[PDB]
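One chain comes next, on its own, written as C-alpha cells: the form deposited in one PDB entry.
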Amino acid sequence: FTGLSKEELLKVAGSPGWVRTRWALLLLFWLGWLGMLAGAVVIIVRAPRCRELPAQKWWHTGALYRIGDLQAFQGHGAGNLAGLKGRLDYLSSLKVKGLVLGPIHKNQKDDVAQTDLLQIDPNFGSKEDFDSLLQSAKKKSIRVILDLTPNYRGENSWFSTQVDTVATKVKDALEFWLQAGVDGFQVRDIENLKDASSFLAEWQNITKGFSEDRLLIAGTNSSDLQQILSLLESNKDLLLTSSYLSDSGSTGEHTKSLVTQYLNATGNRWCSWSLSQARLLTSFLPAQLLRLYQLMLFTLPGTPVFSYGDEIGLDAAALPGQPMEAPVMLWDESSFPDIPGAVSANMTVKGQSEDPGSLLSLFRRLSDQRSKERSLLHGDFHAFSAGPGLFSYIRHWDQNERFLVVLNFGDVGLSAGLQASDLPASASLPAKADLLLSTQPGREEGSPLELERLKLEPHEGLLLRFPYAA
C-alpha cells in the first residue's frame, strides 16, 4: 500500500543481479554467526575457570561459646540442664556454631576411685534431659562440645597421683559419650598431665575414628610459643586454646609480631584465636579495648573462642561478693540478688539489645559477617606495614570482596600511612574503599573512603571493604 504489488515485484525482483546478491547476503550472515561463536569459545578457554572450595567442617564457619559454670549462666535453683534449653534462641541470635558445655560428671574431690566420667551429677539434670538438649540444639543447628577434665573441683585438675587410671577413664569416656551423640570434647589444663603429647594423639585418633565431623580442644595456661609448638608435633588437627595472645599488650607492633610469628611457625594451618582457656576478656583488658579485640578475633584466620559474657562486656571486678572464675550473667536488672542497685541499665542483656552502639550490637554484626562471606571464611591472610602502632591486614579469597582491617591499639591520634608496596597483584589495594563498620561512634556508614588521608582516633578499629577489580 506504499510500494509495489505482487506482480510488479515478480517482474523486477526475479532477475540475476538481484538473486546473487541476496544469496551473498545469506553467505555473509551465516559467516558472521560462526565468527561470533568462534570468538565466544576463544574468549571462554582463555579465561580463569575457578579455584577450589577447601571442604570446610562445622567449626570452621563461626565461633564457639564456652559456658564454664552452668549455675551462674541462668541463676540459682534453675541452674540445671533443661533451663539452658530455654536459652538457645539467644545463642542462635548470637550465631555461634558450637557450645562448649562445662564439666557435668560426678566428681567429689581428689578421690580417684569415686570419679566416674560416665555418670552425670544429679544437680545438673538427667540423661534424658541431656539428650533432649542435644536434639533441640541439633534442630537449632548448634553443636554441643562436652568438657571432660576429671577433677574440675580440685587444685590439680588431673588427679596429681598416678596417671594410668585417669588416662584410661578419659579414653573410655570418649567411646561412650560419642555414642550418646556429642560433637566433640575439650580437655583443659593439659600442662598438669604426665606425657600429655602422647596422650592427646591417642584421643585424637579415637575421636577422628568415629567420624571426621568430630573435634577435640585442648587448653593450657602457657604463653610460651616453643612449648605450644611441641604440642603440635604429631598432632596437626588439634584445636589448642591457650594464653598465648594476652600476657601484655599496650602496643600493637608486639601483637602484629605475635600473630605473624604464630602463623609462620605453624605453616598457615587452622588455629584457634582466643585470649585464655577459661577466662573472660575483661580479666586481661581495660574497658577501652574490648571492641578492638572483638573486631580482631572475628577476622583472623581461624576459629574464635569466647566465654559467656564476652559479648556484653561482663566484669567480675565491678560487683563485690563474686568468684573470679564464675561471675553471674546479667540477664535483666533484677538478676543480682545481693546489693540491690549496683547493677545498671547499660550492663545487662536486655539493656544493650536495643542500643545500636553497644557491645552486643557489635558482636551480632560481626558474627553475621564472619559466618556468611567467603573472604573471612577461608580466605588468605596478608598483614602489611603501617605507622607506629597500627595492625593492618587483608583477607582475600579468590574473587569475593576483599577485606582490609585497620586497628589502632595506641592511645594517641595519628595518620594511617598505608604503605602496602608488597601485596600481590591479585589483592593490591585500590584508591577508594568502602566502610562497613567502626568501633567508635562518630563516623558515617557506607561511604566510599579514600586510603591516603585516613586519620584514626585513639583505640579505633575499621573494617573497610573493596571488591575484586584491576
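Take the two forms, superpose them, and find the largest set of C-alpha atoms that agree within 1.5 Å; that set is the rigid core. Residues that one form lacks are left out of the comparison. All residue numbers are counted from 1 along the displayed sequence.
Quick note: we don't show the form deposited with a partner chain bound, though the next part is all about it.
Peer 1: Heavy atoms within 4.5 Å of its partner chain in the deposited bound form: which stretch among 356-364, 246-254, 159-167, 211-219?
Peer 2: This holds for exactly one stretch, 246-254.
Peer 1: If you check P388, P320, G181, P122 against its partner chain in the deposited bound form, which one has a heavy atom within 4.5 Å?
Peer 2: Of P388, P320, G181, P122, the residue with a heavy atom within 4.5 Å of its partner chain in the deposited bound form is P388.
Peer 1: Taking the shortest heavy atom distance, is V412 within 4.5 Å of its partner chain in the deposited bound form?
Peer 2: Yes, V412 is a contact residue.
Peer 1: Scan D315, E253, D380, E373 for the one whose CA shifts by 2 Å or more between this form and the one not shown after superposing the rigid core, and name it.
Peer 2: Just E253.
Peer 1: Is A431 displaced by at least 2 Å at its C-alpha between this form and the one not shown when the rigid core is overlaid?
Peer 2: No, its C-alpha moves less than 2 Å.
Peer 1: Superposing on the rigid core, do we see a C-alpha displacement of 2 Å or more at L27 between this form and the one not shown?
Peer 2: Comparing forms between this form and the one not shown, the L27 CA shifts at least 2 Å.
Peer 1: So the Cα-Cα distance between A383 and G252 shifts by 3 Å or more in the deposited bound form; is it shorter or longer than what we see here?
Peer 2: Their C-alpha distance grows by at least 3 Å in the deposited bound form.
Peer 1: Once you account for a change of 3 Å or more, let me know if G252 and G313 sit closer or farther in the deposited bound form, using their C-alpha atoms.
Peer 2: Closer together, by at least 3 Å.
Peer 1: Kindly list the runs, ordered along the sequence, of 3+ consecutive residues whose C-alpha shifts are all 2 Å or more between this form and the one not shown once the two forms are aligned on their core.
Peer 2: Moving regions between this form and the one not shown: 20-34, 248-253.
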